[PDB]
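Residue numbers (the deposited numbering), protein chains in the order written: chain u, 116 to 172; chain r, 1 to 459.
Even for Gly, the Cβ is constructed at its ideal location relative to N, Cα and C.
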Amino acid sequence: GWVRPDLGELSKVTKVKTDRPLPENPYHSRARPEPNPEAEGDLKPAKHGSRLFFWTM
Amino acid sequence: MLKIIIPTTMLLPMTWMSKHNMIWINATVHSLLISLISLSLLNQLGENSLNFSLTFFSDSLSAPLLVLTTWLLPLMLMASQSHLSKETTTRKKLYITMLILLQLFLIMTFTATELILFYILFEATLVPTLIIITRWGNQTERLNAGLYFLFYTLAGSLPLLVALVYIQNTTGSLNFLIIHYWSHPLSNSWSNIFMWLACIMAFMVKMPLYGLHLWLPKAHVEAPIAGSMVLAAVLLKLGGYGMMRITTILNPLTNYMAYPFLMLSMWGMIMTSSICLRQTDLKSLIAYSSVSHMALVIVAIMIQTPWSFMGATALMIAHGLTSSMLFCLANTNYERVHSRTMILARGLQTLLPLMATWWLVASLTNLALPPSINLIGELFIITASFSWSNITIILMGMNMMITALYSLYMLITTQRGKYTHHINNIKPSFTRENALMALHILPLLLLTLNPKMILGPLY
Ligand SMILES: CCCCCCCCCCCCCCCCC[C@@H](O)O[C@H](CO[C@H](O)CCCCCCCCCCCCCCC)COP(=O)(O)OCC[N+](C)(C)C
Ligand SMILES: CCCCCCCCCCCCCCCCC[C@@H](O)O[C@H](CO[C@H](O)CCCCCCCCCCCCCCC)COP(=O)(O)OCC[N+](C)(C)C
Ligand SMILES: CCCCCCCC/C=C\CCCCCCCC(=O)O[C@H](COC(=O)CCCCCCC/C=C/CCCCCCCC)COP(=O)(O)OCCN
Numbered sequence: 116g117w118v119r120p121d122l123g124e125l126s127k128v129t130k131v132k133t134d135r136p137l138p139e140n141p142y143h144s145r146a147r148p149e150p151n152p153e154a155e156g157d158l159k160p161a162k163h164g165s166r167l168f169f170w171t172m
Numbered sequence: 001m002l003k004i005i006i007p008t009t010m011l012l013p014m015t016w017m018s019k020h021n022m023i024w025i026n027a028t029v030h031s032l033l034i035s036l037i038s039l040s041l042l043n044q045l046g047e048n049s050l051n052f053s054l055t056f057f058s059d060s061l062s063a064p065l066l067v068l069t070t071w072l073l074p075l076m077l078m079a080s081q082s083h084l085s086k087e088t089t090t091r092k093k094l095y096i097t098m099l100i101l102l103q104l105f106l107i108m109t110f111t112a113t114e115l116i117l118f119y120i121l122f123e124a125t126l127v128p129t130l131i132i133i134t135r136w137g138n139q140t141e142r143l144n145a146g147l148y149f150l151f152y153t154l155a156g157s158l159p160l161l162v163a164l165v166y167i168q169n170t171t172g173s174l175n176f177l178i179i180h181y182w183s184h185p186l187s188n189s190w191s192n193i194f195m196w197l198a199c200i201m202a203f204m205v206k207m208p209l210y211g212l213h214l215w216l217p218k219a220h221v222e223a224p225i226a227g228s229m230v231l232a233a234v235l236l237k238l239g240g241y242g243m244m245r246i247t248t249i250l251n252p253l254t255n256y257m258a259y260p261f262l263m264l265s266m267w268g269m270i271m272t273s274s275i276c277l278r279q280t281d282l283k284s285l286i287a288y289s290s291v292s293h294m295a296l297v298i299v300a301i302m303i304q305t306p307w308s309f310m311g312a313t314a315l316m317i318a319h320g321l322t323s324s325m326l327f328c329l330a331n332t333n334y335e336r337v338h339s340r341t342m343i344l345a346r347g348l349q350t351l352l353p354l355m356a357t358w359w360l361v362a363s364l365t366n367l368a369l370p371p372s373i374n375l376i377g378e379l380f381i382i383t384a385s386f387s388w389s390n391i392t393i394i395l396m397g398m399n400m401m402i403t404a405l406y407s408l409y410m411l412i413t414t415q416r417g418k419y420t421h422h423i424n425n426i427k428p429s430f431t432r433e434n435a436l437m438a439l440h441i442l443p444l445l446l447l448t449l450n451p452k453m454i455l456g457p458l459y
């Protein structure tokens, strides 16, 4: 009493009910290095202008 | 200061929109007016300075040089009025533009509270001078003279830029006030020795020091009259002013790094004074006299004592005025003679008596006669060098004797004796030349009444 699968049936994506725990870190990766401080604030005019040689502005 | 810089700038549009036959009148009148405005700067105080703003400041060292610079331009215009008669309007306006640009650059240079701005204008003063020398020059050697004048200066002054930016990187500021207040001793090291050499050589080449003076006779001989006076009067003082400004950070290295330059100057004064005796040319003789006087100023600055600085400033102003007068007189002679040779025209005192009087007065002032400021600066430097070492008096006295000898030789060869027979175009002296000589000489005899105005900040 076996029914041959039709076209487009064996290529379906299916779901599997298993009791095996999901691996938490399969890549065996290390700890990611800390990112840069990426500081924030409100911009203020440059102190005493450009300060390039004799230029006062 | 802008009350001085702005009118000098406005002189350019004033000249360029003037009528074709009224440029000289307007330029002379407004240059004289500008000089009157510059007179206010002379009232210095015993305290720090007249700090006008963040960019310009005036001291009692900058005030006399600024007044002389502003005063020279009318005289340059009156001197150039003669040989530019047959020149097109555009070229005459370009000549006046070059003179005005030179004055503006010098005015901005002498205050220049920051050293990099000072250097920028100190090299900017080189383009109008080169254009004047190589364009409106008579002889065919003006090109070589211009090349020598450009390269001798630039080769010396190029390491100065590197030294200045290095100092800014380490010290953190190049403002002269901060530089003076935060000065620290220079340790005895090879790096500090080369910093000293870089900071000093740029100003010693322009003074000029003996051994690097080859550009000066060429530049003075081949240049037109106005270029000659602006070279002998103001452009030579740039090196000394810079050296007296910058020696504030080179201590105590100078205490033993001054020996080669002191020896070179104290021997080159004698050498050039002797050279003046055997000279076939007038302008060359005056140029070598300028070299001798500037060598004396170099000695004074390198001694680094208050009397040295006072004498150096007095000698700077006096030599500027005297050399300008002598070049004026030589040019007036050359215009009639068209030869520029000392012994070709003789006995001119019989034909031109008042010009003989002007020659006598100029020679006496150059001879360092008391109580003129020439001798004031001379004697101050002599006493300071005597304090430095008792043996310098021999060299200084020899220089004084040779100076008197060549000054009176210049007077006698051209004024006394029997007139040359085959010259019959010695026209009577114009009013312009007499007025030029009077305006050259009267400020000297007036400044001898108030010496404190030209004795510098260490008065
Ligand atoms: C019997 C009297 C004997 C003595 C006579 C002395 C006369 C002296 C005249 C010569 C003066 C020399 C020029 C001085 C210029 C420097 C001062 C100048 O910059 O000051 C300006 C002011 O200058 C004057 O306003 C204008 C003077 C210009 C004219 C001087 C008189 C002679 C001019 C001759 C011109 C040609 C005459 C006509 C010919 C046909 C700006 O002043 P300011 O920075 O705000 O001041 C701030 C401080 N306050 C607030 C107290 C004032
Ligand atoms: C030509 C027209 C004029 C142009 C300008 C002339 C001025 C340039 C002259 C340079 C001034 C002096 C330079 C060096 C001075 C330092 C003192 C030194 O020379 O004396 C001895 C130095 O010994 C030897 O001199 C070493 C240097 C030898 C190599 C230098 C070249 C010498 C001849 C080259 C002349 C060329 C000049 C013109 C170049 C174009 C002392 O030995 P020491 O106490 O242990 O070291 C002192 C320095 N310390 C303390 C920092 C360590
Ligand atoms: C009319 C012709 C005159 C020619 C004048 C040319 C000579 C001028 C004097 C030398 C110029 C170069 C000097 C460099 C500029 C100064 C910069 C400075 O002081 O920095 C020094 C660097 O010093 C140098 O690098 C000097 C190197 C010189 C290389 C170029 C040599 C040029 C010719 C040398 C001999 C000339 C001297 C006499 C000239 C007489 C005139 C002909 C400090 O080094 P740091 O890195 O900070 O070290 C600190 C940690 N220990």
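Which residues, in chain order, sit with a beta-carbon under 6 Å away from any heavy atom of ligand 3? Listed along the chain, these residues meet the criterion: r:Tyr-152, r:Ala-155, r:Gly-156, r:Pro-159, r:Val-162, r:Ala-163, r:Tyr-166, r:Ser-191, r:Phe-194, r:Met-195, r:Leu-197, r:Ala-198, r:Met-201, r:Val-205, r:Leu-212.
Tell me, please, whether the segment 279-295 of chain r touches the segment 419-428 of chain r by the rule of three or more beta-carbon pairs shorter than 8 Å. Contact fails between the segment 279-295 of chain r and the segment 419-428 of chain r, because fewer than three Cβ pairs, one in each stretch, are under 8 Å apart.
If you follow the alpha helix (DSSP H) that r:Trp-196 is part of, which residue opens it and which one closes it? Residue range 190-206 is occupied by the alpha helix (DSSP H) that includes r:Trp-196.
Report the residue from r:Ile-301, r:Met-207, r:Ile-412, r:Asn-434 whose alpha carbon sits nearest the alpha carbon of r:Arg-346. Distance check between r:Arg-346 and each of r:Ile-301, r:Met-207, r:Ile-412, r:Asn-434 places r:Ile-412 closest, using alpha-carbon atoms only.
Starting from the beta carbon of r:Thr-55, find every residue of chain u whose beta carbon is closer than 8 Å, and list them in chain order. Those within 8 Å of r:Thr-55 in chain u are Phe-169, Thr-171.
What are the residues that DSSP puts in a beta bridge with r:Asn-51? Paired residue(s): r:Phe-57.
r:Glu-114 touches chain u at which residues, Cβ-Cβ below 8 Å? Those are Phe-168, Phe-169, listed as they occur along chain u.
Using a C-beta to C-beta distance shorter than 7 Å, which residues of chain u count as neighbours of r:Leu-117? Near r:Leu-117 (Cβ distances below 7 Å), the residues of chain u are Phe-169.
Compare the Cα-Cα distances from r:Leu-160 to each of r:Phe-118, r:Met-401, r:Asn-399 and report the closest residue. Per the Cα distances, r:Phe-118.
r:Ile-394 versus r:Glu-47, r:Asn-331, r:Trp-267, residue with shortest Cα-Cα distance: Comparing Cα positions, the closest option is r:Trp-267.
Can you give the beta carbon distance from r:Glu-222 to r:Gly-137, rounded, assuming they're within the 8 Å contact cut? r:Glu-222 to r:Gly-137, Cβ: 5 Å. Contact.
Who pairs with r:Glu-114 in a beta bridge, going by DSSP? Residue pairing by DSSP puts r:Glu-114 in a beta bridge opposite r:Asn-175.
Rounded to the nearest angstrom, what separates u:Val-131 and u:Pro-148 at their Cα positions? Distance between the alpha carbons of u:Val-131 and u:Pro-148: 36 Å.
Using a Cβ-Cβ cutoff of less than 8 Å, which residues in the same chain neighbour r:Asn-48 once the five nearest sequence positions on both sides are dropped? Its chain contains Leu-177 as the residues whose beta carbon lies nearer than 8 Å to that of r:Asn-48, once the 5 sequence neighbours on both sides are disregarded; these appear in chain order.
Given the structure, does r:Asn-255 come close to ligand 2, in the sense that its CB is under 6 Å from one of the ligand's heavy atoms? Every heavy atom of ligand 2 is 6 Å or more from the Cβ of r:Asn-255, so no.
Can you tell me the Cβ-Cβ gap for r:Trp-388 and r:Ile-303, rounded? I've got them flagged as a contact below 8 Å. With a Cβ gap of about 5 Å, r:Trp-388 and r:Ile-303 count as contacting.
Between which residues of its own chain and u:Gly-164 is the CB-CB distance below 8 Å, once the five residues before and five after are set aside? Within the same chain, u:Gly-164 has close Cβ partners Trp-170, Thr-171, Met-172.
Looking at r:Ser-308 and r:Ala-362, is the spacing between their C-beta atoms short of 7 Å? No. Outside cutoff.
For r:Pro-64 versus r:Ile-286, is the C-beta spacing smaller than 7 Å? A distance of 7 Å or more separates the beta carbons of r:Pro-64 and r:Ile-286.
Assigned secondary structure, r:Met-243 (DSSP; H/G/I helix, E/B strand, else coil): Note: r:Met-243 maps to helix in three-state DSSP.
Under a three-way DSSP split, which group does residue 175 of chain u fall into? Summary: the structure shown does not reach residue 175 of chain u, with chain u confined to residues 116 through 172, and so no result is reported for it.
Going by beta-carbon coordinates alone, are r:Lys-86 and r:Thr-15 separated by less than 7 Å? No, Cβ-Cβ distance for r:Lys-86 and r:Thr-15 is not below 7 Å.
Between the segment 159-173 of chain r and the segment 114-134 of chain r, are three or more C-beta pairs nearer than 8 Å? Segment contact: the segment 159-173 of chain r against the segment 114-134 of chain r, three or more CB-CB distances shorter than 8 Å; contact assigned.
Does the distance from the CB of r:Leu-216 to the CB of r:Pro-224 come in under 7 Å? Not closer than 7 Å, so no.
Determine the direct distance from the alpha carbon of r:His-20 to that of r:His-184, and round the result to whole angstroms. Those two C-alpha atoms are separated by around 58 Å.
Please confirm if the segment 245-265 of chain r is in contact with the segment 196-204 of chain r, defined as three or more CB-CB distances below 8 Å between the two stretches. Cβ pair count under 8 Å is three or more, so yes.
Closer than 8 Å by C-beta to r:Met-229: which residues in its own chain qualify, once you throw out the five before and the five after it? Chain order, please. Excluding residues within five positions, the ones whose Cβ falls inside 8 Å are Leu-72, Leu-75, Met-76, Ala-79, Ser-323, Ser-324, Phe-327, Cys-328.
Less than 8 Å between C-beta atoms, sequence neighbours within five positions excluded: which residues of the same chain meet that for r:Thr-125? So the qualifying residues of the chain are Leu-102, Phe-105, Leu-106, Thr-109, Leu-235, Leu-238.
r:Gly-397: which of r:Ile-382, r:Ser-407, r:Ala-155 sits nearest, CA to CA? Out of r:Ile-382, r:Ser-407, r:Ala-155, r:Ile-382 has the C-alpha closest to the C-alpha of r:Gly-397.
Within this structure, are the beta carbons of r:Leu-12 and r:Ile-132 separated by less than 7 Å? No, the Cβ-Cβ distance between r:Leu-12 and r:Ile-132 is not below 7 Å.
CA-to-CA distance, r:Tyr-210 to r:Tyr-152, given in whole angstroms: Rounded to the nearest angstrom, the two C-alpha atoms are 13 Å apart.
So, at 8 Å on beta carbons, what are the nonlocal neighbours of r:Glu-335 in its own chain, with the 5 sequence-adjacent residues on each side left out? Take r:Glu-335, set aside five residues on each side of it, and the residues of its chain with a beta-carbon closer than 8 Å to its own are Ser-82, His-83, in chain order.
Since r:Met-204 and r:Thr-280 are thought to touch, with beta carbons under 8 Å apart, how far apart are those beta carbons, to the nearest angstrom? Not really, about 29 Å apart at Cβ, beyond 8 Å.
Cβ separation of r:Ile-376 and r:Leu-444, assumed to be a contact under 8 Å, to the nearest whole Å: That pair is no contact at about 11 Å.
So is r:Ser-31 buried or exposed if we call it buried at 16+ other beta carbons inside 10 Å? By the neighbour-count rule (16 or more Cβ atoms within 10 Å), r:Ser-31 is buried.
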